[PDB]
Amino acid sequence: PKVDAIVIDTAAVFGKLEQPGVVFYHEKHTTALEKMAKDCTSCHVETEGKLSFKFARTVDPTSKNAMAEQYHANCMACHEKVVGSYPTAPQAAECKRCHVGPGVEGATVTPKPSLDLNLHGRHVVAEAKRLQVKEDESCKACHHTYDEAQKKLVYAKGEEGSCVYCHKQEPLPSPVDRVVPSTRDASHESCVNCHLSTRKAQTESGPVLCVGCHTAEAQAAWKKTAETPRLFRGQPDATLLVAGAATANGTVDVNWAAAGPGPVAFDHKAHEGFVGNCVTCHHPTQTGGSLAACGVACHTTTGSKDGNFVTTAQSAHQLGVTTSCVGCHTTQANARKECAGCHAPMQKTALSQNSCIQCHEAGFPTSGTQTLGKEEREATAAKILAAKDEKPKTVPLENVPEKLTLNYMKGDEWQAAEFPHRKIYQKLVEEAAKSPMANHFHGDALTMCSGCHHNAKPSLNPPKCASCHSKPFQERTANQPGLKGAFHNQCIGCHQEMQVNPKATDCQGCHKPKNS
Ligand code: HEC
Ligand code: HEC
Ligand code: HEC
Ligand code: HEC
Ligand code: HEC
Ligand code: HEC
Ligand code: HEC
Ligand code: HEC
Ligand code: HEC
Ligand code: HEC
Ligand code: HEC
Ligand code: HEC
Ligand code: HEC
Ligand code: HEC
Ligand SMILES: *[C@H]1O[C@H](CO)[C@@H](O)[C@H](O[C@@H]2O[C@H](CO)[C@@H](O)[C@@H](O)[C@H]2NC(C)=O)[C@H]1NC(C)=O
Ligand SMILES: [Zn+2]
Ligand SMILES: [Zn+2]
Ligand SMILES: [Zn+2]
């Protein structure tokens with residue numbers, strides 16, 4: 001839980017460790033040192049305004065010997081000189097005070113600091129306001145590429161994108177015999193140094209301590225503008241994603257014979273706002289990443305090396321990831337408390353046969369070849385998406401029983417369960433109705449009903465739970481309980497997912513104790 005926890009293992013690049021791991025606590029220290037009216041330079045070399053976030057050095061020593069001695073030295077040097085103030089400061093033979101063993105860096109578990117589109121926009125405005133320039137001139141402040149034939153780092157206008165396309169978890173080989181620093185290292189050097197030097201210049205700034213970037217609670221407090229500006233890199237507003245062979249033009253030669261279940265009209269513009277960043281989809285790869293169209297060179301009907309042989313279908317369909325359409329949507333439906341009551345118990349391993357047609361369009365040609373340029377795809381799509389721009393439907397309340405008393409099950413111990421059926425259906429619907437994804441993929445008004453009344457044709461008079469769950473045991477499938485289990489698992493299961501009362505232990509909340 002400790003986002004300020006740093007696991008110092010700098011010296012394992014030399015091979016197996018001799019000792020249990022160190023775990024330095026950045027806040028204990030920053031708190032202590034800010035008391036002593038001592039700033040960051042107490043532990044970090046400042047070179048022309050810019051701090052290094054290496055501990056008490058600018059270079060890493062080249063033997064284990066030297067590194068470990070430099071650590072010990074600089075660590076215990078300050079301890080020695082604050083013995084008066086902090087007599088409890090670990091001393092040297094006190095191996096376990098520093099080598100405490102296994103650790104978790106809190107920040108590795110908490111959610112990532114990122115510049116989402118709204119926050120990114122604030123940085124563009126602030127940087128522009130600082131350099132007293134028009135927004136398009138701000139980018140050079142932060143975005144760069146290495147020029148081999150110029151020996152330095154330059155701003156490549158029109159090549160901006162996520163830092164992670166070069167700054168990765170395991171750093172890439174530089175050109176060059178050095179590394180491109182990791183995401184973690186590039187981010188700290190970059191983000192915090194700028195935040196520090198703007199707090200110094202006493203302008204409005206961002207966080208410099210661990211808790212400010214790495215706890216959900218600080219993240220939640222970050223200011224958002226009322227409007228998010230468009231971050232425009234040549235993306236379409238809508239495009240048609242179609243089976244066939246696509247050249248870098250965006251041109252696809254399509255054989256309509258080969259193309260079923262049908263082209264997908266994708267709302268790119270809506271997604272930038274639904275997702276709130278670009279990299280979640282235009283993901284970093286082992287070697288790089290780009291804002292490139294997924295399907296041109298990387299994800300093909302067959303599967304190319306450039307996309308690790310992940311096919312078009314797979315890149316759209318794969319479960320268990322947020323990079324694909326179905327993967328992201330089902331990730332959300334199962335994570336959100338308002339969706340998870342119906343979605344968590346659904347099977348997690350197959351794509352639903354009901355879902356195909358909510359993405360794949362009908363009524364395109366079923367044979368013939370056609371060349372579709374980029375602009376014709378994007379035009380057709382925008383027209384398909386607006387023409388569905390549909391009032392979604394729910395079941396008239398008069399068709400939804402109001403309240404039910406359930407008395408299916410002597411040697412009993414409980415009265416009949418009272419069950420506020422219409423009010424629950426209303427709450428579930430009113431919350432799903434906030435989600436354009438729910439409203440689209442629900443389709444029919446009867447669908448939501450199926451979250452409880454499942455495994456049968458949708459109906460306004462669905463069968464009784466007993467009709468399937470009171471069947472003899474040898475007739476039920478393995479995950480098809482008897483009737484008490486059906487009710488308990490579905491009722492209580494949803495209450496536990498959605499965090500609603502009565503809780504599983506609040507027996508009497510559903511059924512009052514019996515009068516024997
Ligand atoms: C008690 C006298 C010991 C012993 C036997 C060791 N240490 Fe330390 N140690 C500290 C820090 C910040 C590092 C760098 C960590 C890293 O980069 O991996 C180390 C590292 C070591 C090593 C080399 C790594 C290894 O386990 O092989 C060794 C051999 C080692 N230590 C032994 C910090 C501290 C302290 C904080 C003030 C204290 C006290 C100690 N170490 C004490 C000891
Ligand atoms: C000048 C108007 C620009 C343009 C055209 C872009 N940027 Fe930035 N940017 C910065 C950082 C740290 C990131 C990554 C943040 C993260 O991954 O959490 C980005 C990201 C982008 C993207 C991709 C956005 C995405 O969500 O994938 C793009 C297309 C982009 N940038 C273009 C840092 C900065 C700045 C420092 C405060 C400045 C100024 C800019 N970027 C400016 C621009
Ligand atoms: C954040 C503001 C962005 C930006 C700057 C871009 N995207 Fe996307 N995008 C997605 C998909 C599936 C496509 C492919 C459609 C196809 O194969 O043609 C694209 C396409 C692009 C482009 C290229 C357009 C071209 O003609 O080559 C560009 C420059 C682009 N995008 C930028 C998918 C997504 C997302 C999935 C939910 C979201 C989020 C983003 N993109 C966000 C952004
Ligand atoms: C356009 C916005 C997309 C979409 C929707 C996907 N990709 Fe890629 N992909 C590439 C590589 C090299 C891999 C293997 C792992 C890696 O190197 O990161 C993948 C993997 C995927 C997945 C599977 C899970 C995952 O996120 O890793 C999915 C669902 C997926 N992709 C979808 C390569 C590339 C690119 C390199 C030229 C391009 C561009 C894209 N992919 C674009 C997209
Ligand atoms: C809290 C830990 C408990 C305990 C000990 C029991 N329940 Fe429930 N229960 C619920 C429903 C819809 C039924 C079918 C009702 C009926 O037709 O009588 C039941 C049934 C039972 C039984 C068997 C019936 C009997 O009268 O003995 C038993 C032993 C039982 N329950 C124990 C629904 C709920 C809840 C709805 C959200 C929750 C909470 C509970 N039950 C909690 C408990
Ligand atoms: C590839 C086109 C890159 C992108 C996108 C980003 N960076 Fe970068 N970065 C890249 C290289 C090749 C290097 C130098 C590697 C070396 O051999 O030294 C860097 C360096 C940095 C640094 C360190 C500067 C130093 O004194 O060493 C920082 C702080 C940094 N990069 C940050 C950064 C940010 C914030 C980016 C997105 C906004 C970003 N980089 C993108 C290559 C590429
Ligand atoms: C200048 C070169 C910056 C770099 C690079 C990064 N940040 Fe920044 N940050 C900067 C400024 C001038 C401001 C204030 C914006 C304004 O209103 O004028 C900020 C603000 C933030 C905040 C907001 C804090 C809040 O609103 O409560 C955050 C969370 C933030 N900055 C984070 C951040 C991250 C994560 C960065 C790298 C990925 C980053 N900043 C880079 C200046 C600069
Ligand atoms: C997250 C990383 C997503 C990916 C990748 C894709 N979708 Fe998505 N979609 C997502 C959200 C969060 C939303 C609505 C906001 C909400 O909270 O409900 C949507 C919505 C849709 C919709 C319905 C609205 C519309 O665009 O018409 C559709 C049809 C949809 N998404 C389709 C779609 C396709 C075809 C995708 C991949 C090529 C895709 N989505 C990816 C979240 C994310
Ligand atoms: C019970 C009242 C439900 C609530 C709450 C939500 N969903 Fe739902 N969803 C429900 C059913 C019965 C189905 C049909 C599933 C089937 O197997 O046919 C769905 C379907 C979806 C889908 C499509 C799933 C897929 O196969 O790709 C999505 C993307 C979806 N639902 C999203 C979703 C969201 C985001 C919700 C909270 C805002 C939500 N659903 C609630 C039943 C119920
Ligand atoms: C779970 C939260 C439910 C959703 C959403 C809907 N229904 Fe339901 N319903 C549920 C239970 C546990 C029961 C009792 C079933 C039993 O075996 O006794 C019902 C009952 C009905 C009934 C029967 C009413 C009667 O008097 O016998 C009807 C006609 C019915 N439900 C319709 C219905 C519709 C139309 C729904 C969506 C609009 C719907 N239910 C949602 C659980 C849940
Ligand atoms: C999600 C798919 C649900 C399932 C299955 C069941 N319930 Fe539940 N329940 C759900 C919600 C979202 C709420 C709050 C509705 C509101 O706005 O108030 C409830 C509430 C109840 C209550 C308390 C009603 C109230 O005090 O307002 C009871 C007693 C209750 N639910 C019982 C119950 C039974 C007996 C179920 C199986 C027959 C059952 N619930 C299923 C969501 C879900
Ligand atoms: C001054 C510039 C210091 C440097 C450099 C290092 N430490 Fe420190 N340390 C310092 C103070 C003022 C304190 C007292 C804080 C307190 O809560 O009493 C400490 C304490 C520690 C501790 C003990 C924590 C506790 O008992 O709660 C440890 C384990 C520790 N320091 C380790 C440590 C390491 C590994 C350092 C170099 C990476 C290091 N310290 C440097 C002041 C200073
Ligand atoms: O995805 C699958 C496959 C097996 C199957 C079930 C399973 C359940 C479960 C297990 C979890 C799940 O949904 O997969 C539960 C908890 C369950 C409960 C249940 C309730 C509370 C019902 C009435 C509101 C209900 C009705 C019911 C009907 C009428 C069924 C047949 C027409 C039926 C079948 C069924 C199968 C084949 N069930 Fe159910 N159920 N059930 N049910 O579900
Ligand atoms: C008591 C010494 C000390 C003080 C003072 C100090 N730090 Fe550090 N900081 C460290 C140590 C140790 C590391 C781990 C780096 C290493 O092993 O070289 C670190 C790392 C960091 C990191 C990177 C963390 C990581 O895991 O990548 C950031 C960011 C940072 N410090 C910022 C600051 C800021 C801002 C201040 C001013 C409040 C500050 N530090 C003051 C000791 C200190
Ligand atoms: C771009 O994509 C393909 C590269 O593989 C080109 O062969 C493709 O064909 C062109 O289509 C144009 C439509 O405007 C024609 O003007 C014509 O130049 C043709 N080129 C040929 C047959 O060699 C290119 N399309 C576009 C829109 O640029
Ligand atoms: Zn266009
Ligand atoms: Zn009973
Ligand atoms: Zn729709």
# chains A, B, ... in the order shown; residues from 1 in each chain; ligands from 1
>>> residues_around(residues="region 435-446 of chain A", least_positions_apart="3", cutoff="6 Å", atoms="only C-alpha atoms", output="mmCIF file with C-alpha atoms, in the first residue's frame")
data_model
loop_
_atom_site.group_PDB
_atom_site.id
_atom_site.type_symbol
_atom_site.label_atom_id
_atom_site.label_comp_id
_atom_site.auth_asym_id
_atom_site.auth_seq_id
_atom_site.Cartn_x
_atom_site.Cartn_y
_atom_site.Cartn_z
ATOM 1 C CA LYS A 393 -35.946 1.076 -25.380
ATOM 2 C CA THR A 394 -36.950 -0.341 -22.033
ATOM 3 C CA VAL A 395 -39.928 -2.415 -21.001
ATOM 4 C CA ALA A 432 -27.021 1.215 -17.515
ATOM 5 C CA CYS A 449 -34.349 -8.906 -18.283
ATOM 6 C CA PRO A 458 -36.226 -13.397 -23.945
#
>>> residues_around(residues="residue 411 (chain A)", least_positions_apart="6", cutoff="12 Å", atoms="only C-alpha atoms", output="ChimeraX atom specification")
/A:514-516
>>> residues_near_ligand(ligand="ligand 3", cutoff="6 Å", atoms="only C-alpha atoms and all ligand atoms", output="list in words")
residues 231, 232, 233, 234, 235, 236, 239, 241, 250, 271, 272, 275, 277, 278, 281, 291, 292, 293, 294 and 295 of chain A
>>> residues_around(residues="residue 1 (chain A)", least_positions_apart="5", cutoff="9 Å", atoms="only C-alpha atoms", output="JSON, numbers by chain")
{"A": [104, 105, 106, 107, 109, 110]}
>>> write_last_selection(atoms="N, CA and C atoms", output="mmCIF file, in the first residue's frame")
data_model
loop_
_atom_site.group_PDB
_atom_site.id
_atom_site.type_symbol
_atom_site.label_atom_id
_atom_site.label_comp_id
_atom_site.auth_asym_id
_atom_site.auth_seq_id
_atom_site.Cartn_x
_atom_site.Cartn_y
_atom_site.Cartn_z
ATOM 1 N N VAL A 104 7.023 -4.416 -1.751
ATOM 2 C CA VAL A 104 6.103 -4.053 -2.803
ATOM 3 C C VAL A 104 6.208 -2.549 -2.939
ATOM 4 N N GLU A 105 6.531 -2.071 -4.135
ATOM 5 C CA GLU A 105 6.460 -0.631 -4.401
ATOM 6 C C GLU A 105 4.973 -0.268 -4.616
ATOM 7 N N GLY A 106 4.391 0.448 -3.651
ATOM 8 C CA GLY A 106 2.960 0.799 -3.692
ATOM 9 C C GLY A 106 2.491 1.237 -5.079
ATOM 10 N N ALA A 107 3.210 2.207 -5.652
ATOM 11 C CA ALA A 107 2.954 2.761 -6.972
ATOM 12 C C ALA A 107 2.812 1.731 -8.107
ATOM 13 N N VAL A 109 1.062 -0.817 -7.864
ATOM 14 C CA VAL A 109 -0.227 -1.469 -7.588
ATOM 15 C C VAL A 109 -1.397 -0.485 -7.712
ATOM 16 N N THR A 110 -1.181 0.701 -7.158
ATOM 17 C CA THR A 110 -2.010 1.856 -7.344
ATOM 18 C C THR A 110 -2.125 2.135 -8.869
#
>>> residues_near_ligand(ligand="ligand 15", cutoff="6 Å", atoms="only C-alpha atoms and all ligand atoms", output="count of residues only")
4
>>> closest_atom_pairs(of="chain A", to="ligand 8", cutoff="9 Å", atoms="only C-alpha atoms and all ligand atoms", output="JSON lines")
{"residue": "A:241", "atom": "CA", "partner": "ligand 8", "partner_atom_place_in_ligand_line": "38 (C)", "distance": 7.7}
{"residue": "A:264", "atom": "CA", "partner": "ligand 8", "partner_atom_place_in_ligand_line": "35 (C)", "distance": 6.2}
{"residue": "A:265", "atom": "CA", "partner": "ligand 8", "partner_atom_place_in_ligand_line": "35 (C)", "distance": 6.9}
{"residue": "A:266", "atom": "CA", "partner": "ligand 8", "partner_atom_place_in_ligand_line": "35 (C)", "distance": 5.0}
{"residue": "A:267", "atom": "CA", "partner": "ligand 8", "partner_atom_place_in_ligand_line": "26 (O)", "distance": 4.8}
{"residue": "A:268", "atom": "CA", "partner": "ligand 8", "partner_atom_place_in_ligand_line": "26 (O)", "distance": 7.6}
{"residue": "A:269", "atom": "CA", "partner": "ligand 8", "partner_atom_place_in_ligand_line": "26 (O)", "distance": 8.7}
{"residue": "A:270", "atom": "CA", "partner": "ligand 8", "partner_atom_place_in_ligand_line": "26 (O)", "distance": 6.1}
{"residue": "A:271", "atom": "CA", "partner": "ligand 8", "partner_atom_place_in_ligand_line": "9 (N)", "distance": 6.3}
{"residue": "A:273", "atom": "CA", "partner": "ligand 8", "partner_atom_place_in_ligand_line": "15 (C)", "distance": 8.2}
{"residue": "A:274", "atom": "CA", "partner": "ligand 8", "partner_atom_place_in_ligand_line": "12 (C)", "distance": 4.6}
{"residue": "A:275", "atom": "CA", "partner": "ligand 8", "partner_atom_place_in_ligand_line": "1 (C)", "distance": 5.4}
{"residue": "A:276", "atom": "CA", "partner": "ligand 8", "partner_atom_place_in_ligand_line": "12 (C)", "distance": 8.9}
{"residue": "A:277", "atom": "CA", "partner": "ligand 8", "partner_atom_place_in_ligand_line": "2 (C)", "distance": 8.8}
{"residue": "A:278", "atom": "CA", "partner": "ligand 8", "partner_atom_place_in_ligand_line": "2 (C)", "distance": 8.9}
{"residue": "A:280", "atom": "CA", "partner": "ligand 8", "partner_atom_place_in_ligand_line": "2 (C)", "distance": 5.6}
{"residue": "A:281", "atom": "CA", "partner": "ligand 8", "partner_atom_place_in_ligand_line": "5 (C)", "distance": 5.5}
{"residue": "A:315", "atom": "CA", "partner": "ligand 8", "partner_atom_place_in_ligand_line": "38 (C)", "distance": 8.3}
{"residue": "A:316", "atom": "CA", "partner": "ligand 8", "partner_atom_place_in_ligand_line": "37 (C)", "distance": 5.8}
{"residue": "A:317", "atom": "CA", "partner": "ligand 8", "partner_atom_place_in_ligand_line": "37 (C)", "distance": 8.4}
{"residue": "A:321", "atom": "CA", "partner": "ligand 8", "partner_atom_place_in_ligand_line": "2 (C)", "distance": 8.7}
{"residue": "A:322", "atom": "CA", "partner": "ligand 8", "partner_atom_place_in_ligand_line": "2 (C)", "distance": 4.8}
{"residue": "A:323", "atom": "CA", "partner": "ligand 8", "partner_atom_place_in_ligand_line": "5 (C)", "distance": 5.0}
{"residue": "A:324", "atom": "CA", "partner": "ligand 8", "partner_atom_place_in_ligand_line": "5 (C)", "distance": 4.8}
{"residue": "A:325", "atom": "CA", "partner": "ligand 8", "partner_atom_place_in_ligand_line": "41 (C)", "distance": 3.4}
{"residue": "A:326", "atom": "CA", "partner": "ligand 8", "partner_atom_place_in_ligand_line": "41 (C)", "distance": 6.8}
{"residue": "A:327", "atom": "CA", "partner": "ligand 8", "partner_atom_place_in_ligand_line": "5 (C)", "distance": 7.2}
{"residue": "A:328", "atom": "CA", "partner": "ligand 8", "partner_atom_place_in_ligand_line": "1 (C)", "distance": 4.4}
{"residue": "A:329", "atom": "CA", "partner": "ligand 8", "partner_atom_place_in_ligand_line": "42 (C)", "distance": 5.3}
{"residue": "A:330", "atom": "CA", "partner": "ligand 8", "partner_atom_place_in_ligand_line": "42 (C)", "distance": 9.0}
{"residue": "A:331", "atom": "CA", "partner": "ligand 8", "partner_atom_place_in_ligand_line": "1 (C)", "distance": 8.4}
{"residue": "A:332", "atom": "CA", "partner": "ligand 8", "partner_atom_place_in_ligand_line": "12 (C)", "distance": 7.2}
{"residue": "A:333", "atom": "CA", "partner": "ligand 8", "partner_atom_place_in_ligand_line": "17 (O)", "distance": 9.0}
{"residue": "A:358", "atom": "CA", "partner": "ligand 8", "partner_atom_place_in_ligand_line": "29 (C)", "distance": 6.7}
{"residue": "A:359", "atom": "CA", "partner": "ligand 8", "partner_atom_place_in_ligand_line": "35 (C)", "distance": 5.5}
{"residue": "A:360", "atom": "CA", "partner": "ligand 8", "partner_atom_place_in_ligand_line": "35 (C)", "distance": 8.3}
{"residue": "A:385", "atom": "CA", "partner": "ligand 8", "partner_atom_place_in_ligand_line": "27 (O)", "distance": 6.6}
{"residue": "A:386", "atom": "CA", "partner": "ligand 8", "partner_atom_place_in_ligand_line": "27 (O)", "distance": 8.9}
{"residue": "A:388", "atom": "CA", "partner": "ligand 8", "partner_atom_place_in_ligand_line": "27 (O)", "distance": 8.4}
{"residue": "A:389", "atom": "CA", "partner": "ligand 8", "partner_atom_place_in_ligand_line": "27 (O)", "distance": 8.2}
{"residue": "A:432", "atom": "CA", "partner": "ligand 8", "partner_atom_place_in_ligand_line": "18 (O)", "distance": 8.2}
{"residue": "A:433", "atom": "CA", "partner": "ligand 8", "partner_atom_place_in_ligand_line": "18 (O)", "distance": 8.8}
{"residue": "A:434", "atom": "CA", "partner": "ligand 8", "partner_atom_place_in_ligand_line": "18 (O)", "distance": 7.0}
{"residue": "A:435", "atom": "CA", "partner": "ligand 8", "partner_atom_place_in_ligand_line": "18 (O)", "distance": 3.5}
{"residue": "A:436", "atom": "CA", "partner": "ligand 8", "partner_atom_place_in_ligand_line": "18 (O)", "distance": 4.2}
{"residue": "A:437", "atom": "CA", "partner": "ligand 8", "partner_atom_place_in_ligand_line": "18 (O)", "distance": 3.8}
{"residue": "A:438", "atom": "CA", "partner": "ligand 8", "partner_atom_place_in_ligand_line": "18 (O)", "distance": 5.9}
{"residue": "A:439", "atom": "CA", "partner": "ligand 8", "partner_atom_place_in_ligand_line": "23 (C)", "distance": 7.3}
{"residue": "A:440", "atom": "CA", "partner": "ligand 8", "partner_atom_place_in_ligand_line": "23 (C)", "distance": 4.9}
{"residue": "A:441", "atom": "CA", "partner": "ligand 8", "partner_atom_place_in_ligand_line": "23 (C)", "distance": 6.9}
>>> write_last_selection(atoms="C-alpha atoms", output="short mmCIF file (atom, residue, chain, number, x, y, z; two decimals), in the first residue's frame")
data_model
loop_
_atom_site.label_atom_id
_atom_site.label_comp_id
_atom_site.auth_asym_id
_atom_site.auth_seq_id
_atom_site.Cartn_x
_atom_site.Cartn_y
_atom_site.Cartn_z
CA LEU A 241 -13.28 -1.44 -40.77
CA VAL A 264 -17.77 -2.42 -38.78
CA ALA A 265 -18.66 1.36 -38.71
CA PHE A 266 -16.38 2.51 -35.83
CA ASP A 267 -16.90 5.86 -33.98
CA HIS A 268 -13.38 6.96 -33.49
CA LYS A 269 -14.20 10.46 -32.42
CA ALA A 270 -16.61 9.14 -29.74
CA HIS A 271 -14.00 6.74 -28.44
CA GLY A 273 -13.80 10.74 -25.35
CA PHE A 274 -15.06 7.29 -24.08
CA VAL A 275 -11.48 6.10 -23.51
CA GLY A 276 -9.87 9.45 -22.63
CA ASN A 277 -6.50 8.66 -24.17
CA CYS A 278 -4.96 7.16 -27.37
CA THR A 280 -4.85 2.30 -24.60
CA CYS A 281 -5.68 1.36 -28.18
CA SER A 315 -7.13 -7.65 -32.47
CA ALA A 316 -10.82 -6.86 -32.44
CA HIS A 317 -12.12 -9.87 -30.43
CA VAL A 321 -7.32 -7.42 -22.67
CA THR A 322 -8.42 -3.72 -23.12
CA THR A 323 -6.70 -3.37 -26.53
CA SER A 324 -9.51 -5.08 -28.41
CA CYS A 325 -13.09 -3.92 -28.85
CA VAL A 326 -14.67 -6.94 -27.15
CA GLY A 327 -11.87 -7.21 -24.54
CA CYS A 328 -12.24 -3.60 -23.46
CA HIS A 329 -15.99 -3.62 -23.40
CA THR A 330 -16.27 -6.85 -21.44
CA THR A 331 -13.47 -5.68 -19.11
CA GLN A 332 -15.66 -2.68 -18.25
CA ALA A 333 -18.96 -4.58 -17.97
CA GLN A 358 -24.05 -4.97 -32.94
CA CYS A 359 -20.64 -4.31 -34.63
CA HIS A 360 -20.86 -5.99 -38.03
CA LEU A 385 -23.49 5.67 -37.29
CA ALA A 386 -25.72 8.72 -37.47
CA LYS A 388 -28.80 4.48 -35.97
CA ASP A 389 -28.66 7.45 -33.66
CA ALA A 432 -27.02 1.21 -17.52
CA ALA A 433 -28.82 3.94 -19.44
CA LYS A 434 -25.87 6.21 -18.59
CA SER A 435 -23.55 4.02 -20.64
CA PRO A 436 -23.68 4.46 -24.39
CA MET A 437 -21.97 0.91 -24.56
CA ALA A 438 -24.79 -0.69 -22.53
CA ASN A 439 -27.47 1.08 -24.55
CA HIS A 440 -25.90 0.00 -27.82
CA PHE A 441 -25.08 -3.65 -27.00
#
>>> residues_near_ligand(ligand="ligand 5", cutoff="12 Å", atoms="only C-alpha atoms and all ligand atoms", output="JSON, numbers by chain")
{"A": [404, 405, 406, 407, 408, 409, 410, 411, 412, 413, 414, 415, 416, 417, 418, 419, 420, 421, 424, 465, 466, 482, 483, 484, 485, 486, 487, 488, 489, 490, 491, 492, 493, 494, 495, 496, 497, 498, 499, 500, 501, 502, 503, 504, 505, 506, 507, 508, 509, 510, 511, 512, 513, 514, 515, 516]}
>>> residues_near_ligand(ligand="ligand 12", cutoff="8 Å", atoms="only C-alpha atoms and all ligand atoms", output="MDAnalysis selection string")
chainID A and resid 8 22:25 28:29 32:33 42:43 55:56 71:72 74:79 82 85:86 88:90 97:98
>>> write_last_selection(atoms="N, CA and C atoms", output="short mmCIF file (atom, residue, chain, number, x, y, z; two decimals), in the first residue's frame")
data_model
loop_
_atom_site.label_atom_id
_atom_site.label_comp_id
_atom_site.auth_asym_id
_atom_site.auth_seq_id
_atom_site.Cartn_x
_atom_site.Cartn_y
_atom_site.Cartn_z
N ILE A 8 15.27 -0.54 -3.61
CA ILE A 8 16.58 -0.26 -4.15
C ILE A 8 17.23 -1.60 -4.46
N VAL A 22 16.66 -4.13 0.09
CA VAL A 22 16.40 -2.86 0.76
C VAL A 22 14.99 -2.40 0.37
N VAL A 23 14.35 -1.61 1.26
CA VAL A 23 13.11 -0.91 0.98
C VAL A 23 13.12 0.46 1.66
N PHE A 24 13.55 1.49 0.91
CA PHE A 24 13.64 2.87 1.34
C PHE A 24 12.25 3.54 1.27
N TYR A 25 11.89 4.29 2.32
CA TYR A 25 10.60 4.94 2.41
C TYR A 25 10.73 6.44 2.21
N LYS A 28 8.92 9.11 4.81
CA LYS A 28 9.57 9.22 6.13
C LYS A 28 10.70 10.23 6.01
N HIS A 29 11.50 10.05 4.96
CA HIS A 29 12.62 10.90 4.67
C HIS A 29 12.27 12.31 4.23
N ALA A 32 10.90 14.18 7.30
CA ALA A 32 12.06 14.48 8.15
C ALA A 32 12.94 15.62 7.63
N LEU A 33 13.29 15.57 6.35
CA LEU A 33 14.25 16.51 5.77
C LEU A 33 13.66 17.91 5.53
N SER A 42 19.69 17.67 -0.78
CA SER A 42 20.21 16.85 0.31
C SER A 42 20.54 15.44 -0.14
N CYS A 43 19.79 14.96 -1.14
CA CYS A 43 19.96 13.58 -1.66
C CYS A 43 20.07 13.40 -3.17
N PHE A 55 20.04 8.39 -6.44
CA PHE A 55 20.47 8.78 -5.09
C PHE A 55 21.94 9.22 -4.96
N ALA A 56 22.15 10.51 -4.68
CA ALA A 56 23.44 11.11 -4.30
C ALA A 56 24.56 10.85 -5.29
N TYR A 71 26.49 3.23 -1.84
CA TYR A 71 25.18 3.28 -1.25
C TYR A 71 25.33 3.44 0.23
N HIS A 72 25.93 2.41 0.85
CA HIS A 72 26.35 2.45 2.27
C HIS A 72 26.93 3.81 2.67
N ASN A 74 26.75 6.94 1.34
CA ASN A 74 25.96 8.16 1.26
C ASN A 74 24.72 8.05 2.15
N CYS A 75 24.25 6.82 2.33
CA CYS A 75 23.15 6.54 3.19
C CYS A 75 23.51 6.91 4.61
N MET A 76 24.51 6.19 5.13
CA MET A 76 24.89 6.29 6.53
C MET A 76 25.64 7.54 6.89
N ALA A 77 26.13 8.27 5.90
CA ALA A 77 26.78 9.56 6.12
C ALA A 77 25.82 10.55 6.76
N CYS A 78 24.61 10.62 6.21
CA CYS A 78 23.63 11.53 6.76
C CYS A 78 23.06 11.07 8.11
N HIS A 79 22.74 9.78 8.24
CA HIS A 79 22.43 9.17 9.53
C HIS A 79 23.45 9.59 10.64
N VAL A 82 22.94 13.22 11.99
CA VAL A 82 21.63 13.56 12.57
C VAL A 82 21.32 12.68 13.79
N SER A 85 19.40 14.65 16.49
CA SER A 85 17.96 14.69 16.16
C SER A 85 17.33 13.30 16.08
N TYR A 86 17.93 12.40 15.31
CA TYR A 86 17.36 11.07 15.16
C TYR A 86 18.44 10.05 15.54
N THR A 88 17.80 7.06 16.62
CA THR A 88 17.21 5.82 16.11
C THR A 88 17.49 5.55 14.60
N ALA A 89 18.31 6.40 13.98
CA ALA A 89 18.66 6.27 12.58
C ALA A 89 19.65 5.10 12.38
N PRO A 90 19.29 4.09 11.55
CA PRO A 90 20.06 2.82 11.39
C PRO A 90 21.53 3.01 11.05
N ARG A 97 17.71 -3.37 9.45
CA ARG A 97 17.03 -2.08 9.43
C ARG A 97 16.92 -1.53 7.99
N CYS A 98 17.93 -1.86 7.17
CA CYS A 98 17.89 -1.58 5.76
C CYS A 98 17.55 -2.80 4.87
#
>>> residues_near_ligand(ligand="ligand 14", cutoff="8 Å", atoms="only C-alpha atoms and all ligand atoms", output="number ranges by chain")
A: 4-10, 24, 26, 29-30, 33-34, 38-44, 53-57, 75, 184-185, 188-189, 192-193, 196, 208-210
